[PDB]
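First, one chain by itself in structure tokens, the form deposited in one PDB entry.
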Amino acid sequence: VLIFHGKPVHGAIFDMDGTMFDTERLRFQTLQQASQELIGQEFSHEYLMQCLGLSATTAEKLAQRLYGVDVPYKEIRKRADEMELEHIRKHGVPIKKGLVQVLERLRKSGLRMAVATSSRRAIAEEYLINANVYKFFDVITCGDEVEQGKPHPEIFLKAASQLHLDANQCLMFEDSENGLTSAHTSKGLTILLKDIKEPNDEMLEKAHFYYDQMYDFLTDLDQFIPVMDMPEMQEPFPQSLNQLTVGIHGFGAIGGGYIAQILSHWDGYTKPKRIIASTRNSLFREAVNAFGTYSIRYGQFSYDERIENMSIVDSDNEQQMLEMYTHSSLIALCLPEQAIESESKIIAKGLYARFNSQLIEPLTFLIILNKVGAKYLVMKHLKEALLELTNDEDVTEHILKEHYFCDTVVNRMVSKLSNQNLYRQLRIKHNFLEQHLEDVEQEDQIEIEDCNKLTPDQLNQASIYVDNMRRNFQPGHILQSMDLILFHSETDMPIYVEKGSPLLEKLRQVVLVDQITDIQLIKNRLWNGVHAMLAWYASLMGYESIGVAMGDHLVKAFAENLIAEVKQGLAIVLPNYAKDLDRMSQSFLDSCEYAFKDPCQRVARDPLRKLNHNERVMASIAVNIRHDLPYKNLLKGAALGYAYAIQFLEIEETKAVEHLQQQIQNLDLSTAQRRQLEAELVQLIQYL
């Protein structure tokens, strides 16, 4: 069902200790801590490295040779085991980086999966439950349920037969020599993973595939499992968390109300365990961290999308902002243009702190900014800040080349909730918390009747657990049917990102492009161009918002007829993006409908600059004329621009024509077509 290096894989059997969990390094630490406690001297690193693979008796005899015959090894070993369970039970089993990502890929590939551990059923199940990876496995095969353990192939042969499979149909993952022998002899496809000790030549010769760590196998596996499709609206996020952290530099409208969704979807197999987001807004920070989650409201479908595993931090706080740029695998800069200059310093400090970090992988930096050459601006200011910070041109140049700086095109319009509306929301929901908290004490008491199954010692201990659990959880039962709404966003899913970063390859809500130019040109003419032309019409007709204006059937007709004339033109210029034009065309008309929040002021800024020969208006006219297409609405849009310039911005009527004639001359048209365009456009302006 799953093809791996030309071999059909129907099953996957994992060793537990050293392969799935990092319990061999923990057993390394506990032995040292137990030694320092009892005998006073800590067992050498060198001794413990020598003991890897040896029996408990050989290890004891070796300890006797080095630390004397009367060395209390058996009670050192027993004390080390106490320390192991004590650590594992509270702090959790240490899971190898990339395991959960690997398990989700094998499971969604329809593999039957087992564990073949030398440990006992009892302790094995607890570890797998503790780690929350028990769910991934159909059967567990244990050392206390086989006549001959590893390196005899029984445990792997048995694990395979229980899954209804031949050994040769299964991948077999293992760290130890005896284990790899057991898996190999059974006749399975052996995956050897280095844990602590470098594997000897006999092991590397024996193994079918070798990797230095789990993540190196994950990278190999990724070639044989598909990138998932574009997520639909109301589609769930993955349940399983990977060990990666991601960042959103600027927890604003687009940061919290769009980028959060993309990072929450991730690759569809797993999602990050933590999303760090920076804001100066104290109310927003403390509110999200209180709930431990916020929600994005999609008005069109009346759907509240819960974003979990969020951790909001202060932008002014260094320790927190450095922790973002140190631990994050991917970061999304979601700032306005004016903020880029000031925030270039706190980025530089972040990337320099990452460079100085003695722990690792190149950062993927998404530039979320609706502007042409948006990446150039950030990289220019970032370079200046890095020089000013370090005064080391070689280090500054290294940092600028190490990481993946990605230019993006975003289409989703998002609205951030006001602090007045947030306070009003917190008041009404704190009210429900009090309403909820007065009838939790109405229940009261814990009662566990005689099970006639559980012993009275553990029956008593069960009462203490559930009582302690209920007391802490019951107050937060209201969160089931209660959300913290901070964002009102449209339904547009796909983000376009510059191809380069390996980490983007599997991100399902991302559309990779070799160069951003093409989709950035569509964004300019089809979206920003119509938005500006539609805003100039609304402003002159005297409507407060572009959303209100759509009530007037003249405005809505103009909008629908305008996106049609532009789309026609772009289809000829970019036939490869035909599907992207149709999707973006409707997406704009949907968002424009109830666009009450966003004003026309900021959209109608610099009309003369937007009426340039190679810009979002005139370029579309010239394209439509060259390929003989209707441009009557684009002409009306251009006129409304010069009309808006004269009336609102107090531009001279002579200065408008002075500009116009220079733009028409620069268009790739016949001298006949140029003079015809001027004559028509000037008459539309004098009417308005």
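The first residue of the sequence shown is number 1, and the count goes up from there. In this text, rigid core is short for the largest set of C-alphas that superpose within 1.5 Å between two forms.
> When the other entries of this protein are compared, is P72 unmodelled in at least a third of them?
Per the records, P72 goes unmodelled in at least a third of the other entries.
> Note whether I446 lacks coordinates in a third or more of the other compared entries that model its flanking residues.
Yes: coordinates for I446 absent from at least a third of the compared entries.
> Relative to the deposited sequence, how many residues with no modelled coordinates occur between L359 and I360 (none, 1 to 3, 4 to 9, 10 or more)?
Per the record, 1 to 3 deposited residues are absent between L359 and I360.
> Higher mean Cα B-factor in the deposited model: 591-599 or 228-236?
Comparing 591-599 with 228-236, the higher average CA B-factor belongs to 591-599.
> Compare the mean C-alpha B-factor of 178-186 with that of 373-381 as given in the PDB entry, and name the stretch with the higher value.
Comparing 178-186 with 373-381, the higher average CA B-factor belongs to 373-381.
> Would you mind finding, among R424, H488, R107, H265, the residue with the largest C-alpha temperature factor in the entry?
Across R424, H488, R107, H265, the entry lists the biggest C-alpha B-factor for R424.
> Which is it among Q243, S328, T364, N460: the one with the largest CA B-factor in the entry?
Largest recorded C-alpha B-factor: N460.
> Is the Cα B-factor recorded for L165 in the lowest, middle or highest third of its chain?
Ranked within chain, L165 CA B lands in the lowest tercile.
> Please place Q261 in the lowest, middle or highest third of its chain according to the CA B-factor in the PDB entry.
Within its chain, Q261 is a lowest-third residue by C-alpha B-factor, going by the deposited values.
> How does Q101 rank on Cα B-factor within its chain, lowest, middle or highest third?
Within its chain, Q101 is a lowest-third residue by C-alpha B-factor, going by the deposited values.
> Which third of the chain holds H553 when residues are ordered by C-alpha B factor: lowest, middle or highest?
For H553, whose C-alpha B-factor we compare with every modelled residue in the chain, the answer is the highest third.
> Taking the entry's C-alpha B-factors for this chain, is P336 in the lowest, middle or highest third?
Middle third - that is where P336 ends up once the chain's C-alpha B-factors are sorted.
What comes next is about the form deposited in another entry, which is not displayed.
> Picking from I259, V246, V530, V115, which residue has its CA shift by 2 Å or more between this form and the one not shown, once the rigid core of the two forms is superposed?
The displaced C-alpha is that of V530.
> Superpose on the rigid core, then tell me if the C-alpha of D598 is displaced by 2 angstroms or more between this form and the one not shown.
Yes; that C-alpha moves by at least 2 Å between this form and the one not shown.
> Using a rigid core alignment, state whether the CA of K567 is displaced by 2 Å or more between this form and the one not shown.
Yes; that C-alpha moves by at least 2 Å between this form and the one not shown.
> Rigid core aligned, does the Cα position of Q162 differ by 2 Å or more between this form and the one not shown?
The answer is no, as the C-alpha of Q162 shifts between this form and the one not shown by less than 2 Å after core alignment.
> Specify closer or farther for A578 and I262: how their Cα atoms are spaced in the other form versus the shown form, given a shift of 3 angstroms or more.
Relative to the shown form, the pair is farther apart.
> Check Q234 against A578 at the C-alpha atoms and report closer or farther in the other form, compared with the shown form; the change is 3 Å or more.
Farther apart, by at least 3 Å.
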